[PDB]
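> let me see the structure of the following:
(9 chains)
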Amino acid sequence: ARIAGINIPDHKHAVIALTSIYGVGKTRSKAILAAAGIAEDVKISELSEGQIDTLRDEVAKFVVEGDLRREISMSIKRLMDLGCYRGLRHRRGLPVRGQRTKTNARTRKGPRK
Amino acid sequence: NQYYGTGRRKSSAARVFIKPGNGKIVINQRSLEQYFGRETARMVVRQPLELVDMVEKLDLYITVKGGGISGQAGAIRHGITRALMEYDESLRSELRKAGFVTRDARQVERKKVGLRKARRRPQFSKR
Amino acid sequence: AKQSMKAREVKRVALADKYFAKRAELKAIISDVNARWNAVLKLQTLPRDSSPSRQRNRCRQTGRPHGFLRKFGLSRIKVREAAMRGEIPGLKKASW
Amino acid sequence: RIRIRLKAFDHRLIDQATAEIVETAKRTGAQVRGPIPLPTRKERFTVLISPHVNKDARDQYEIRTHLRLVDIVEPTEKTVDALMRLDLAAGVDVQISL
Amino acid sequence: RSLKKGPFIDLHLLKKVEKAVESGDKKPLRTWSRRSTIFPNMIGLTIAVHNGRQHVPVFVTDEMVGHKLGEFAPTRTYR
Amino acid sequence: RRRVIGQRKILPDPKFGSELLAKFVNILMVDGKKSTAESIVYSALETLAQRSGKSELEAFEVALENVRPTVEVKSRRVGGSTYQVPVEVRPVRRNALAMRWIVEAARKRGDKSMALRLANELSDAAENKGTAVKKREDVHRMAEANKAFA
RNA sequence: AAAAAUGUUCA
RNA sequence: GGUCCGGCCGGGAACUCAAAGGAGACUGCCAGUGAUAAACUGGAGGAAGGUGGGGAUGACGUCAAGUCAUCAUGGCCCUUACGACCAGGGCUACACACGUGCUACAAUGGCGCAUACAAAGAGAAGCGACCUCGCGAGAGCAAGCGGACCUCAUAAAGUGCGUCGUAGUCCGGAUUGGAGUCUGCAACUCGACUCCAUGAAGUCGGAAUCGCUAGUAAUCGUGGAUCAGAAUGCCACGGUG
RNA sequence: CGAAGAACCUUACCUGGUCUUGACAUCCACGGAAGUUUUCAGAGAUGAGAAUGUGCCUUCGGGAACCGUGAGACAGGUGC
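Residues are numbered from 1 along each chain as shown, chains lettered A, B, ... in the order given. Shown next is the structure:
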């Protein structure tokens, strides 16, 4: 379905379909379905639009989508304003959280020659 | 009980008291397929039993401990025919030459210093 | 050797359980994870002095940390030396 | 009743010179226990034989420390005189109970 | 890392702070220490934190919701 | 070398009575383990049974003992001159080799499961979908037409 | 019985 | 026999186990072969034959091999110091290159359920059940054991079922955000663990290259040391194979 | 790989505070039971203090341990 706005994957069980799509991941998937008493292994092929009403409510108790995606970037730049060990580091995107600062940094610092 | 058997094969030793009674395999109040899940193992230890045909005429209790899954069944296979060389001494030959009072000595070997396993050592390269 | 490096190391152990350990350990509920009360708390962070987390176990005949064995209270070689000569009851070469 | 724990290194020691207290105790007490084994609480080490590098050679150690404990059990509490003051033995953990 | 079940204070050089908030600071404290929670209420100062060879004045910034001195000083210097 | 070196004999499959079937579990050995191997053996065996009420065992046997390997090139001395000698293969080792190959051929046919592979695969006996037909056109191509000797 | 060099000075 | 049905009770030492002392294998016998020589190949019997299987043992020596920093030491050198004592920082840069590892790329698998069987060690500033709370990491509360007693302790692949269908996905897990646990006075450089969120690269790897002959390879866990507190490391143990 | 665990401390390296018969050894002389709990300032090392303890033996002087100071012969150096 879509929830009500933005497409999510179709013809697939409801826990699947909820996915990782900004503040609703794996844990949030089945937790939400369990919560609103709708069955977990309802495909969008099998998805009712009475199911659809109780759905939307439970995802509104979490900061999800575009809304979520602001706050986060405001806070990564927070630390830099400070000029933190985490701070400054982001200007060339050097590891902050665990990872070597010498080497092995292909997917954070960028790659070798 | 009227015939006993040891049989310690693949680190599992199994008591055997062959009792008077009738063909059945009672082992820890169960069967094979009941003390274990799906098995290949179950068929293998019945192989001496069809070899000249028994277990329709005596009853047996088995109490295997430790070791393997196959290793347990190793012990079962070993002790039954170390109690059926003494039920029959005519098949004394037909059990030692049929390799059922033969102890398996392929046992797991120990790790060493500077080696990854029992013989395994590191790979080397430079490219 | 290095007599000097060693000498240091020794004295840490006196204070370790004479001006620390039950002087310092006096924290109770109100200063650990059970409960909190800033009064007591900040004035028992106030002394630091000696500390056993600033003490290594050490070899008592080298004082290096590398290749240490608690079990004999000495380092690598200062086990092996004794042990080869057959001084110590029942240590033997692996042979099973 | 009494637990008697003999725990010593060598078999030439947990088995030898240890019969001298089983002896004297028969008369004073009223029973003896023979030398019952125990699963043997043992060690093995490794120390790097080199003084620098070469981890291809490390001296690999073992050490059985045998446990036959004997463990004479006595409701007879007159055993103690000839048991413990009288007889003596070293190299062996000597431990007594009630 | 974490202050555990309920908080710590993290006393490290809290013998100068109580002197230097009685006329404020504006003057560079020669400080070896690199740890101590900077409190959001202990701001407008000039801390010369060490990096092991130079004490560098760093003007404290407002709203420090839980941070160290250490995080605001050089540690080793790039090409 | 100076001794012929082999090892212990494996046991015949005990719930179909057949050593060949047990040596083909070994071929499919996955995680080091016979267990998860035997499943698929048996799964695809049934597939074959449905299409073939008679033995479905003679579509392994025919296919692979049509193929008769013979070629390699070595050299040995003879009368004081070495010569480049072509060497024949003994009929036993032809067998031994051939049984393996067909079952080796699976896990590359780009299916979903080893069902659909080994089923459709094994059924053929001389019109193979397995490596058995594909080695024919190399073995006899070579031999005695680009091989100067037995 | 399947091509193929070259090795700064000094115990 | 009893049974709170649980080796739960007495009871019996048979049994497995434990662990001290033995029995045995010696080409010893049997045939053939071989200079009638030594000896070899089969055969038997056996748990085991022809250096049974697995350790530990490196000759006379060579490499002026490594190691004055484990330690020892000849000479040399420093002497309000190449000495000494303390606080902070570094040894965890980085613009590259390489060694040694770990993890996947998936249904011969992944996930959800329930379930099967191990071995060997650890331990009184010690291991810490239990029971309470905590989704959780874990915190409280507190027994037991000087450990064939009690605690660490709970094997994992495997197995039967539920499902997903070969998608970079329900694969895979990097990165990062936010919130926490714990060891320590204290974790910013440079401590480990958890919760959630974000969700990568990788679609089984070129030229080239390596190990391994049997319970070996393969694979699945497990424990120990070190250690205040840092294992994809080292050391050790069994399952399957 | 030496290193079966580099926060500080360790750790030799670095920057800074600080000392020079010494941090570590022996021996001689001087003073003082050793110590105990405490103040201030300093990053600490420490420096400068406030009270308190008057032990072990004596052959009564003397010692025994130990603390501070004095002084060298010496000492120190994981330095080559």
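> whichever residue of chain F sits closest to RNA strand G in helix, strand or coil?
Among all residues of chain F, residue F:82 sits closest to RNA strand G, at 3.4 Å; criterion: Cβ to the nearest atom of the strand. (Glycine included, C-beta is placed from N, CA and C.) Three-state assignment for residue F:82 (DSSP: H, G, I helix; E, B strand; the rest coil): strand.
> right, and it touches residue F:74 too?
No: under the contact definition of Cβ atoms under 8 Å, residue F:82 does not touch residue F:74, with a separation of 10.5 Å.
> show me what the lengthiest helix in chain A is packed up against.
In chain A, taking DSSP state H as the definition, the longest helix is helix A:65-82. With contacts taken as 3 or more Cβ pairs under 8 Å, 6 or more residues apart in numbering or on different chains; DSSP states H and E, helix A:65-82 sits against helix A:85-88.
> what's the closest non-adjacent residue to the residue in chain B positioned nearest to chain F?
Taking Cβ to the nearest Cβ as the measure, chain B has residue B:43 as its residue closest to chain F, at 3.8 Å. When the adjacent residues along the chain are set aside, residue B:43 lies closest to residue F:14, with 3.8 Å between them (Cβ to Cβ, 6 or more residues apart in numbering or on different chains).
> residues touching that neighbour, list them.
B:40, B:43-44, B:47 (Cβ atoms under 8 Å, 6 or more residues apart in numbering or on different chains).
> and of these, the nearest to residue D:80?
When the contacts of residue F:14 are compared for distance to residue D:80 (Cβ to Cβ), residue B:44 wins out at 59.1 Å.
> tell me the contacts of the closest one?
By Cβ under 8 Å, 6+ apart, residue B:44 lies in contact with B:73, B:77, F:11, F:14.
> if we go to 10 Å?
Shown in contact with residue B:44 (Cβ atoms under 10 Å, 6 or more residues apart in numbering or on different chains): B:70, B:73-74, B:76-77, F:11, F:14-15.
> out of these, which end up buried?
The neighbour-count test (16 or more other Cβ atoms under 10 Å in any protein chain shown) marks B:70, B:73-74, B:76-77, F:14 as buried among the contacts of residue B:44.
> ranges for the helices of chain D?
D:11-14, D:20-28, D:80.
> repeat that for chain C.
Per DSSP H, chain C has helices spanning C:3-15, C:38-42, C:77-85. These are given in chain order.
> before we move on, the earlier item: nearest to RNA strand H among the helices of chain D would be which one?
Among the helices of chain D, helix D:11-14 comes nearest to RNA strand H, with 3.5 Å by Cβ to the nearest atom of the strand.
> so of the helices of chain C, which one's packed in deepest?
Per-stretch averages of neighbours, counted by mean count of other Cβ atoms under 10 Å in any protein chain shown, single out helix C:77-85 among the helices of chain C, with a mean of 17.
> check whether that one comes into contact with RNA strand H.
Yes: using Cβ under 7 Å from any atom of the strand, helix C:77-85 reaches RNA strand H at C:77-78.
> show me what that helix is packed against.
Based on contacts counted as 3 or more Cβ pairs under 10 Å, 6 or more residues apart in numbering or on different chains; DSSP states H and E, the elements that helix C:77-85 packs against are strand C:92-93, strand D:46-47, strand D:59-62.
> show me what from chain E comes close to chain C.
Proximity of chain E to chain C is assessed by Cβ under 10 Å from any Cβ of the partner chain, with E:3-12, E:14-15 identified as the residues in range.
> buried subset of those residues?
Among those, those scoring as buried are E:9, E:11-12 (criterion: 16+ other Cβ under 10 Å).
> and RNA strand H, which of those residues contact it?
Judged by Cβ under 7 Å from any atom of the strand, the overlap between those and the neighbourhood of RNA strand H comprises E:11-12.
> next, format the buried ones among the residues of chain E next to chain C as JSON lines and append secondary structure and distance to residue D:42.
Formatted as JSON lines, those follow (DSSP: H, G, I helix; E, B strand; the rest coil; distance: Cβ to Cβ, whole Å):
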{"residue": "E:9", "secondary structure": "coil", "distance to residue D:42": "50"}
{"residue": "E:11", "secondary structure": "coil", "distance to residue D:42": "49"}
{"residue": "E:12", "secondary structure": "coil", "distance to residue D:42": "49"}
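> quick one on the thing from earlier: any idea what the residue of chain F closest to RNA strand G is bridged to?
On DSSP bridges, the residues paired with residue F:82 through beta bridges are residue F:77.
> any figure for the gap between it and residue B:41?
Residue F:82 sits 55 Å away from residue B:41, taking Cβ to Cβ, to the nearest Å as the criterion.
> verify the stated contact: residue D:74 with residue D:82.
No: counting by Cβ atoms under 10 Å, residue D:74 does not reach residue D:82; the two are 11.8 Å apart.
> now do the shared contacts for the two.
D:25, D:28-29.
> can you tell me the residue of chain F closest to chain A?
Distances from chain F to chain A, computed as Cβ to the nearest Cβ, single out residue F:112 as the nearest residue at 17.9 Å.
> ramachandran coordinates for that residue?
Reported as degrees, to the nearest 10, the phi and psi values for residue F:112 are phi -90, psi -50.
> one step back: now the longest helix of chain A: buried residues?
In terms of neighbour count (16+ other Cβ under 10 Å), helix A:65-82 has its buried residues at A:79, A:82.
> which outside residues touch it?
By Cβ under 10 Å, 6+ apart, the list of residues contacting helix A:65-82 reads A:3, A:5-6, A:21-24, A:59, A:62-63, A:84-91, A:96, E:38, E:61, E:63-65, E:67, E:71-72.
> show only the entries of the residues you listed found in strands.
Members of these lying in strands (criterion: DSSP state E): none.
> among those residues, name the buried ones.
Restricting the contacts of helix A:65-82 to buried positions leaves A:3, A:21-24, A:59, A:84-87, A:89, A:96, E:38, E:64, E:67, E:71-72, with burial counted as 16+ other Cβ under 10 Å.
> now intersect these with the helices, please.
By the criterion of DSSP H, membership of these in helices covers A:59, A:85-87.
> that older thread, distance of the residue of chain F closest to RNA strand G relative to residue A:22?
In this structure, residue F:82 and residue A:22 are separated by 76 Å, where distance is defined by Cβ to Cβ.
> same question, residue B:32
54 Å.
> hmm, residue E:13 is touching residue E:33, no?
Yes: in this structure, residue E:13 is within contact of residue E:33 by Cβ under 10 Å, at 4.4 Å.
> quick check: neighbours shared by these two?
Both residue E:13 and residue E:33 are in contact with E:47, E:69, where contact means Cβ under 10 Å, 6+ apart.
> what's near enough to touch residue E:58?
Residues touching residue E:58, when contacts are defined by Cβ under 10 Å, 6+ apart, comprise A:83, E:28, E:45-49, E:69, E:72-73.
> of those residues, which is the nearest to residue F:141?
Each of the contacts of residue E:58 was scored against residue F:141 by Cβ to Cβ, and residue A:83 proved nearest at 74.6 Å.
> ok, now which ones touch that closest one?
For residue A:83, the contacting residues are A:89, A:91, E:58, E:61, E:71-72, by Cβ under 10 Å, 6+ apart.
> where do the strands sit along chain B?
Ranges of strands in chain B, per DSSP E, are B:3-5, B:14-19, B:26-27, B:59-64.
> any idea how far the helix ranked longest in chain F is from the chain center?
When chain F is scanned for its longest helix (criterion: DSSP H), the result is helix F:35-51. Once both centres are worked out by Cα atoms, centre = their mean, to the nearest Å, helix F:35-51 turns out to sit 18 Å from its chain's centre.
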